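Next up: a single chain in structure tokens, the form deposited in one PDB entry.
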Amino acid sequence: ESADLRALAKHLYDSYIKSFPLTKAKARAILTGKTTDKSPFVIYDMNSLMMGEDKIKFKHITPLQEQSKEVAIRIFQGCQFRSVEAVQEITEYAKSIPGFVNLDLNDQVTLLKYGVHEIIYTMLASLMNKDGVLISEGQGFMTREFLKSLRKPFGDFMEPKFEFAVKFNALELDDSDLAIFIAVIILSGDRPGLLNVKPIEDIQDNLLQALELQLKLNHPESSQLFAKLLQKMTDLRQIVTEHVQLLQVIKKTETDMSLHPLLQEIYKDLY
């Protein structure tokens, strides 16, 4: 029935609202110009990053990293820091997808281990336009041009994310669309090392129906939006592997030692 599916959508949308403070609708308002006053600090070069570093830390010692370092490395350390933060919120949201917490604990951990990245890059798209990305819970805004100009390995780092966001943001999805999408990702029965594949696919199967009904109702004028959205999941799988490859060059060719015990061991045997 339709009402069951719609009830599952409403249910997901409210968890997602509990789990993620900066939503797409809020982020989009900020990126445009809703009630222009609390404007984010715009970082567009090195000087304005240093000037900004002391306006998201000059308050009271809470940045995404301290100093005594090269700027291209510090930006990258701040991003790994935020990712660990975002893994916690994704885990919290997962627990509220019906059926998830009744899976075998190891399969829970595996699902999260490979889902988290695709979700991070999906949701990061809500903070981006073609020119930059909202940072620090929407406090800052770092321009795509500035990220591009960092040195050889750090420059080409966030570009692929921006290439994705633009094509994905053109689907015009909202938070209620994304909440299901995100849940269809977590319950991917094709992750390596999964013990019980059948029950996961039973869940995804019921989320797919929910997604499909959601898109058909919320976006009737968009022929085959469901299909296009499932195809975007190849693009995500792609950006993850390509990010994974770039990440396995950073720890390989660099001088900075300071990586999070969580990601560095969760990146282990990962595509």
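If you superpose the two forms and keep the largest set of C-alpha atoms that fall within 1.5 Å, you have the rigid core. Shifts are known only where both forms have a C-alpha. Heads up: residue numbers just count along the shown sequence, starting at 1.
Heads up, the form deposited with a small molecule bound isn't pictured, but that's what we're talking about next.
Note on contacts: among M158, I97, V184, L194, the single residue with a heavy atom within 4.5 Å of the small molecule in the bound PDB entry is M158. This chain is displayed alone, yet in the bound PDB entry one of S176, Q80, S188, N129 has a heavy atom within 4.5 Å of the small molecule; that residue is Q80. The shortest heavy atom separation between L124 and the small molecule in the bound PDB entry is within 4.5 Å.
Within this chain, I120 lines the site of the small molecule in the bound PDB entry, having a heavy atom no more than 4.5 Å away. The small molecule is not shown here, but in the bound PDB entry it comes within 4.5 Å of a heavy atom of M142.
Taking the partner from the other structure, the small molecule in the bound PDB entry has a heavy atom within 4.5 Å of a heavy atom of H243.
A 2 Å or larger CA shift between the shown form and the other one, after fitting on the rigid core, occurs at just one of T32, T36, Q231, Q238, namely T36.
In the bound PDB entry, the CA atoms of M257 and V244 sit closer together than in the displayed form, by at least 3 angstroms.
Here's the thing about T36 and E145: their CA atoms end up at least 3 Å farther apart in the bound PDB entry than they are in this form.
Taking the core as fixed, the parts between the shown form and the other one where three or more residues in a row have CA shifts of 2 Å or more are 35-37, 54-60, 256-259.
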